[PDB]
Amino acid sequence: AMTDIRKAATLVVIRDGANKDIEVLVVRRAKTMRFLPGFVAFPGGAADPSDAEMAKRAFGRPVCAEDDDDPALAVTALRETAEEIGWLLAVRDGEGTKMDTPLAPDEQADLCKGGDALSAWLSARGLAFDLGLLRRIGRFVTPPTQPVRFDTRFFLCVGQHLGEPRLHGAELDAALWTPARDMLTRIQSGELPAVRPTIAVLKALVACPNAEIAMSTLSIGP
């Protein structure tokens, strides 16, 4: 009756792909999940307390940040992405050297234990996120007609350097780089379910000529 509106964030990782179309990392929730089984989405999830702590050690600020919680939510998005697909995006040290390697299976497994695992892994290394590599592209609150509600902050970043996503555990049954047009058609046709914000991001990416133009202009309006 008095539904929690859960703060969350999602990361839309893109690259310039085949046929001059943008490609994006998507994941699919396993049929065994209790909430939204089989839904396609981008990596993301609920805010954790260590997210704002890591944001205070971060470099820079998200492009098109408008609110005081944008740095913490950018971190939420980056953390959830590392847990889901095994890559830590936008990491650097004090000298500006970028991390460009994936997490080993064991480090991804350790990050999925939750708590302050990511904050600890970064702080043992003197590393932090460069939030300047993310663009705030939207904010969506689930309609009050829904029994489970989120207030989700969407960020965009470019992953032209990334290899393949790697899963940990059973929550997701698939993860891949897909042209945004391909995925959109599959949702519009009814083949795969997706929440409204997911569709609206895919349509924005399809209208966009390339990843540089997206990092300069992308915005999802309700």
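In this text, residue numbers run from 1 along the sequence as written.
- Averaged over Cα atoms, the B-factor as recorded in the entry is higher for 97 to 105 than for the other of 97 to 105 and 67 to 75.
- If you average the C-alpha B-factors over 115 to 123 and over 79 to 87, the higher value belongs to 115 to 123.
- Residue-level inspection of the entry shows that, of 28, 181, 153, 166, 181 has the top Cα B-factor.
- Across the residues 37, 159, 193, 60, the deposited record lists the maximum Cα B factor for 193.
- In the deposited entry, the Cα temperature factor of residue 170 places it in the highest third of its chain's modelled residues.
- Sort the chain's modelled residues by C-alpha temperature factor and residue 10 lands in the lowest third, per the entry.
- Placement of the Cα temperature factor of residue 54 within the chain: lowest third of the modelled residues, per the deposited record.
- Ranked by C-alpha B-factor against the other modelled residues of its chain, residue 211 falls in the middle third.
- Per the PDB record, residue ranking by Cα B-factor puts residue 18 in the middle third of the chain.
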